[PDB]
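**Student:** This is the structure I have questions about; it appears just below.
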Amino acid sequence: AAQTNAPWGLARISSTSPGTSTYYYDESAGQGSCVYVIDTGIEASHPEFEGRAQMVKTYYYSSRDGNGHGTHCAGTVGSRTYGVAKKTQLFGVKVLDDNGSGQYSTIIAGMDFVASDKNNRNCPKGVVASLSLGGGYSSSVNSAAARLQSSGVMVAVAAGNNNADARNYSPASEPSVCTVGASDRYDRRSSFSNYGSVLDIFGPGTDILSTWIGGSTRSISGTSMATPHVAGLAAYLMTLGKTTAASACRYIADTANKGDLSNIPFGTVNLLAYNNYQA
């Protein structure tokens, strides 16, 4: 399948070269997979989700996304126009309030929730979790992300946005999950992207168009935006049978575009997520 005039990040993850604008992908499109977006919520009523999104847990007085960030990330995973995996099922877990903030204990509870709740959901092709959040190093937060991964969920986490080594941030620094840095449309590391040996992969993160609350769209930047490209890619590849939740991060790294990014510090992987799709 081909989606013309796609957002640059979708085109990038289906291309061996920067500078193209069509997204190419197998029409299975993540059907039969599920992606949990652990964030500020998801505006599931947005036409872009087509009934495929639903809120399943909140830790606040409402499940509404009053911020937009979670809706944007969910859109990059799985919206019809802005998403990598256009037929996946999206589940919202609101661990962040409408200011984008959350206590570490709430974030941990949300991760443990997903590890259990996936047993209540029909996801025969596999389960992914997208975590576009973080803060300072916490062994408890890392342990929770490791538990979620070990339960059979592909965990993709943002590296963080401090132009610093991700080893000092959580859950970015947990080795067993998939830690995602950000790149721009000219194949440069995004200026804010964290780096370091703990990174597994880069995805598009600068000027990413996706869904927003109020039935709208907008372009924003962050490792928060790179993470759902990788989560959606994992769901897409799991639906194709090419990998599993336990192996998908390694598979994405093995099949990535290699050596194409600039401003990668020595010791950080130079790997850009790529779907390897051949029409």
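Letters for chains follow the order of the structure tokens (A, B, ...), residue numbers begin at 1 for each chain, and ligand numbers begin at 1 in the order shown.
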To test your reading of the structure, identify every residue in region 99-225 of chain A that backbone DSSP assigns to alpha helix (DSSP H), and report it as a list in words.
**Tutor:**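 Checking each residue of region 99-225 of chain A, the alpha helix (DSSP H) ones are residues 104, 105, 106, 107, 108, 109, 110, 111, 112, 113, 114, 115, 116, 117, 139, 140, 141, 142, 143, 144, 145, 146, 147, 148, 149, 150, 223, 224 and 225 of chain A.
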**Student:** Please provide as a ChimeraX atom specification all residues within 12 Å of residue 265 (chain A), with the sequence filter that same-chain residues fewer than 5 positions apart are discarded (counting only C-alpha atoms).
**Tutor:** /A:163-165,188-189,191,193-197,199,270
**Student:** Fewer than 3 positions away in the same chain doesn't count, so skip those; otherwise give me all residues within 8 Å of residue 234 (chain A), counting only C-alpha atoms, as a ChimeraX atom specification.
**Tutor:** /A:128,154,230-231,237-238,245,248-249,252
**Student:** Keeping only C-alpha atoms, write the selected residues as a PDB file, in the first residue's frame.
**Tutor:**
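Here's the written file out.pdb:
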```
ATOM      1  CA  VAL A 128       2.946  -3.168  22.323  1.00  0.00           C
ATOM      2  CA  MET A 154       6.960  -4.798  23.320  1.00  0.00           C
ATOM      3  CA  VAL A 230       8.733   2.628  16.833  1.00  0.00           C
ATOM      4  CA  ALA A 231       5.737   1.282  18.768  1.00  0.00           C
ATOM      5  CA  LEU A 237       5.946  -6.172  12.089  1.00  0.00           C
ATOM      6  CA  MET A 238       4.319  -8.392  14.735  1.00  0.00           C
ATOM      7  CA  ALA A 245       7.155  -8.782  21.561  1.00  0.00           C
ATOM      8  CA  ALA A 248      10.947  -6.790  18.218  1.00  0.00           C
ATOM      9  CA  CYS A 249      13.408  -4.172  19.505  1.00  0.00           C
ATOM     10  CA  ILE A 252      14.007  -3.271  14.434  1.00  0.00           C
TER      11      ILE A 252
END
```
**Student:** So which residues of region 3-150 of chain A fall under strand (DSSP E or B) by DSSP, listed as number ranges by chain?
**Tutor:** A: 3, 23-24, 33-39, 53-58, 89-94, 126-131, 135-136
**Student:** Restricting the calculation to only C-alpha atoms, which member of A:227, A:219, A:138, A:263 is positioned closest to residue 7 (chain A)?
**Tutor:** A:219
**Student:** Extract, using only C-alpha atoms, all DNA, RNA and protein residues at most 8 Å from region 12-24 of chain A, discarding same-chain residues fewer than 4 positions from it, and format them as a list in words.
**Tutor:** residues 1, 2, 3, 4, 5, 6, 7, 8, 185, 186, 187, 203, 204, 257, 272, 273, 274, 275, 276, 277 and 279 of chain A
**Student:** What does the file look like for those residues with N, CA, C and O atoms, as a JSON list (two decimals), in the first residue's frame?
**Tutor:**
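What follows is the written file out.json:
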```
[["chain", "number", "residue", "atom", "x", "y", "z"],
["A", 1, "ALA", "N", 0.84, -1.19, 0.00],
["A", 1, "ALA", "CA", 0.00, 0.00, 0.00],
["A", 1, "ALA", "C", 0.87, 1.24, 0.00],
["A", 1, "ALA", "O", 2.02, 1.20, 0.44],
["A", 2, "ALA", "N", 0.32, 2.34, -0.50],
["A", 2, "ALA", "CA", 1.04, 3.60, -0.58],
["A", 2, "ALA", "C", 0.10, 4.72, -0.14],
["A", 2, "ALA", "O", -1.02, 4.81, -0.64],
["A", 3, "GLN", "N", 0.57, 5.56, 0.77],
["A", 3, "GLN", "CA", -0.16, 6.75, 1.20],
["A", 3, "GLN", "C", 0.63, 7.95, 0.72],
["A", 3, "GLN", "O", 1.72, 8.23, 1.25],
["A", 4, "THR", "N", 0.10, 8.66, -0.27],
["A", 4, "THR", "CA", 0.82, 9.81, -0.82],
["A", 4, "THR", "C", 0.72, 11.01, 0.12],
["A", 4, "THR", "O", -0.20, 11.13, 0.93],
["A", 5, "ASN", "N", 1.71, 11.90, 0.01],
["A", 5, "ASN", "CA", 1.77, 13.12, 0.81],
["A", 5, "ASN", "C", 1.57, 12.83, 2.30],
["A", 5, "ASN", "O", 0.81, 13.50, 3.00],
["A", 6, "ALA", "N", 2.24, 11.79, 2.78],
["A", 6, "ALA", "CA", 2.16, 11.39, 4.17],
["A", 6, "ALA", "C", 3.01, 12.34, 5.00],
["A", 6, "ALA", "O", 3.86, 13.04, 4.45],
["A", 7, "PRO", "N", 2.84, 12.37, 6.32],
["A", 7, "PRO", "CA", 3.81, 13.09, 7.14],
["A", 7, "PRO", "C", 5.20, 12.54, 6.89],
["A", 7, "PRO", "O", 5.38, 11.35, 6.60],
["A", 8, "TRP", "N", 6.20, 13.43, 7.00],
["A", 8, "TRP", "CA", 7.55, 13.05, 6.62],
["A", 8, "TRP", "C", 8.04, 11.83, 7.40],
["A", 8, "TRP", "O", 8.80, 11.02, 6.85],
["A", 185, "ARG", "N", 13.98, 15.61, 9.70],
["A", 185, "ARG", "CA", 13.73, 15.21, 8.32],
["A", 185, "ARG", "C", 14.97, 15.26, 7.44],
["A", 185, "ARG", "O", 14.94, 14.74, 6.32],
["A", 186, "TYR", "N", 16.07, 15.83, 7.94],
["A", 186, "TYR", "CA", 17.34, 15.82, 7.23],
["A", 186, "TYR", "C", 18.29, 14.78, 7.78],
["A", 186, "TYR", "O", 19.50, 14.85, 7.54],
["A", 187, "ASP", "N", 17.75, 13.80, 8.53],
["A", 187, "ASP", "CA", 18.55, 12.70, 9.07],
["A", 187, "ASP", "C", 19.61, 13.19, 10.05],
["A", 187, "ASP", "O", 20.70, 12.62, 10.13],
["A", 203, "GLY", "N", 13.88, 7.27, 15.83],
["A", 203, "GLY", "CA", 12.74, 7.45, 14.96],
["A", 203, "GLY", "C", 12.48, 8.93, 14.73],
["A", 203, "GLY", "O", 13.03, 9.79, 15.42],
["A", 204, "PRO", "N", 11.61, 9.24, 13.78],
["A", 204, "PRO", "CA", 11.30, 10.65, 13.49],
["A", 204, "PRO", "C", 10.68, 11.35, 14.70],
["A", 204, "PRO", "O", 9.69, 10.88, 15.27],
["A", 257, "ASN", "N", 17.89, 1.32, 9.02],
["A", 257, "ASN", "CA", 18.88, 2.03, 8.22],
["A", 257, "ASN", "C", 20.06, 2.40, 9.11],
["A", 257, "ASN", "O", 19.88, 3.00, 10.18],
["A", 272, "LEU", "N", 18.21, 3.94, 12.34],
["A", 272, "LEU", "CA", 16.96, 4.63, 12.11],
["A", 272, "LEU", "C", 15.90, 3.62, 11.70],
["A", 272, "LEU", "O", 16.10, 2.85, 10.75],
["A", 273, "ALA", "N", 14.78, 3.61, 12.42],
["A", 273, "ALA", "CA", 13.74, 2.61, 12.23],
["A", 273, "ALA", "C", 13.28, 2.57, 10.77],
["A", 273, "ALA", "O", 13.02, 3.61, 10.16],
["A", 274, "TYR", "N", 13.11, 1.35, 10.25],
["A", 274, "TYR", "CA", 12.82, 1.14, 8.84],
["A", 274, "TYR", "C", 11.98, -0.13, 8.69],
["A", 274, "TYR", "O", 12.30, -1.16, 9.28],
["A", 275, "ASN", "N", 10.90, -0.05, 7.90],
["A", 275, "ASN", "CA", 9.98, -1.18, 7.80],
["A", 275, "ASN", "C", 10.37, -2.21, 6.73],
["A", 275, "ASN", "O", 9.74, -3.27, 6.67],
["A", 276, "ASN", "N", 11.37, -1.93, 5.91],
["A", 276, "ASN", "CA", 11.87, -2.87, 4.90],
["A", 276, "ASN", "C", 10.81, -3.34, 3.92],
["A", 276, "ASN", "O", 10.92, -4.42, 3.33],
["A", 277, "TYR", "N", 9.78, -2.52, 3.68],
["A", 277, "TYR", "CA", 8.67, -2.96, 2.85],
["A", 277, "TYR", "C", 9.04, -2.87, 1.38],
["A", 277, "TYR", "O", 9.54, -1.85, 0.90],
["A", 279, "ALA", "N", 7.16, -3.48, -2.25],
["A", 279, "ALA", "CA", 5.88, -3.67, -2.93],
["A", 279, "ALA", "C", 5.94, -4.85, -3.90],
["A", 279, "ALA", "O", 4.98, -5.60, -4.05]]
```
**Student:** Please determine, counting only C-alpha atoms, which residue among A:29, A:94, A:39, A:61 has the shortest atom-to-atom distance to residue 134 (chain A).
**Tutor:**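 Among A:29, A:94, A:39, A:61, it is A:39 that comes nearest to residue 134 (chain A).
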**Student:** Point out the residue among A:115, A:10, A:213, A:108 with the least atom-to-atom distance to residue 40 (chain A), counting only C-alpha atoms.
**Tutor:** A:213
**Student:** Pick out the closest residue to residue 251 (chain A) from this set: A:212, A:178, A:136, A:224. Count only C-alpha atoms.
**Tutor:**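 Of all the options, A:178 lies closest to residue 251 (chain A).
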**Student:** Compile the contact shell of residue 210 (chain A) as a list in words: residues with an atom at most 8 Å away, counting only C-alpha atoms, same-chain residues fewer than 6 positions apart removed.
**Tutor:** residues 72, 73, 75, 76, 82, 83, 217, 218 and 219 of chain A
**Student:** Which residue out of A:57, A:52, A:167, A:258 has the minimum interatomic distance to residue 111 (chain A) when only C-alpha atoms are used?
**Tutor:**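 Between A:57, A:52, A:167, A:258, the residue approaching residue 111 (chain A) most closely is A:57.
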**Student:** Residue 105 (chain A): which residues within 12 Å, counting only C-alpha atoms, same-chain residues fewer than 5 positions away excluded, as a count of residues only?
**Tutor:** 13
**Student:** Compare A:124, A:135, A:228, A:78 by their minimum atom-to-atom distance to residue 50 (chain A), counting only C-alpha atoms, and give me the closest one.
**Tutor:**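 Using only C-alpha atoms, residue 50 (chain A) sits closest to A:78.
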**Student:** Could you give me, as a PDB file with N, CA and C atoms, in the first residue's frame, the residues within 8 Å of residue 130 (chain A), counting only C-alpha atoms and dropping anything in the same chain fewer than 4 positions from it?
**Tutor:**
```
ATOM      1  N   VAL A  35      -1.897  -1.745  20.753  1.00  0.00           N
ATOM      2  CA  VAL A  35      -0.889  -0.840  21.283  1.00  0.00           C
ATOM      3  C   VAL A  35      -1.494  -0.039  22.427  1.00  0.00           C
ATOM      4  N   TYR A  36      -0.885  -0.139  23.599  1.00  0.00           N
ATOM      5  CA  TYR A  36      -1.281   0.681  24.731  1.00  0.00           C
ATOM      6  C   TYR A  36      -0.465   1.963  24.706  1.00  0.00           C
ATOM      7  N   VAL A  37      -1.143   3.092  24.803  1.00  0.00           N
ATOM      8  CA  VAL A  37      -0.500   4.398  24.844  1.00  0.00           C
ATOM      9  C   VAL A  37      -0.660   4.902  26.271  1.00  0.00           C
ATOM     10  N   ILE A  38       0.442   4.907  27.009  1.00  0.00           N
ATOM     11  CA  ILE A  38       0.454   5.213  28.433  1.00  0.00           C
ATOM     12  C   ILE A  38       0.890   6.670  28.547  1.00  0.00           C
ATOM     13  N   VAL A 155       7.862  -3.041  24.757  1.00  0.00           N
ATOM     14  CA  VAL A 155       7.844  -1.748  25.435  1.00  0.00           C
ATOM     15  C   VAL A 155       8.779  -0.795  24.714  1.00  0.00           C
ATOM     16  N   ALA A 156       8.221   0.282  24.170  1.00  0.00           N
ATOM     17  CA  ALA A 156       9.005   1.342  23.546  1.00  0.00           C
ATOM     18  C   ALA A 156       8.935   2.575  24.430  1.00  0.00           C
ATOM     19  N   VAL A 157      10.101   3.141  24.769  1.00  0.00           N
ATOM     20  CA  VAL A 157      10.156   4.281  25.675  1.00  0.00           C
ATOM     21  C   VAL A 157      10.964   5.420  25.064  1.00  0.00           C
ATOM     22  N   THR A 227       9.025   7.797  19.728  1.00  0.00           N
ATOM     23  CA  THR A 227       8.611   6.559  20.388  1.00  0.00           C
ATOM     24  C   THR A 227       7.412   5.887  19.732  1.00  0.00           C
ATOM     25  N   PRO A 228       6.307   6.584  19.426  1.00  0.00           N
ATOM     26  CA  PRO A 228       5.166   5.915  18.792  1.00  0.00           C
ATOM     27  C   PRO A 228       5.421   5.488  17.362  1.00  0.00           C
ATOM     28  N   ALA A 231       6.792   2.151  18.255  1.00  0.00           N
ATOM     29  CA  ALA A 231       5.737   1.282  18.768  1.00  0.00           C
ATOM     30  C   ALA A 231       4.818   0.811  17.640  1.00  0.00           C
TER      31      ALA A 231
END
```
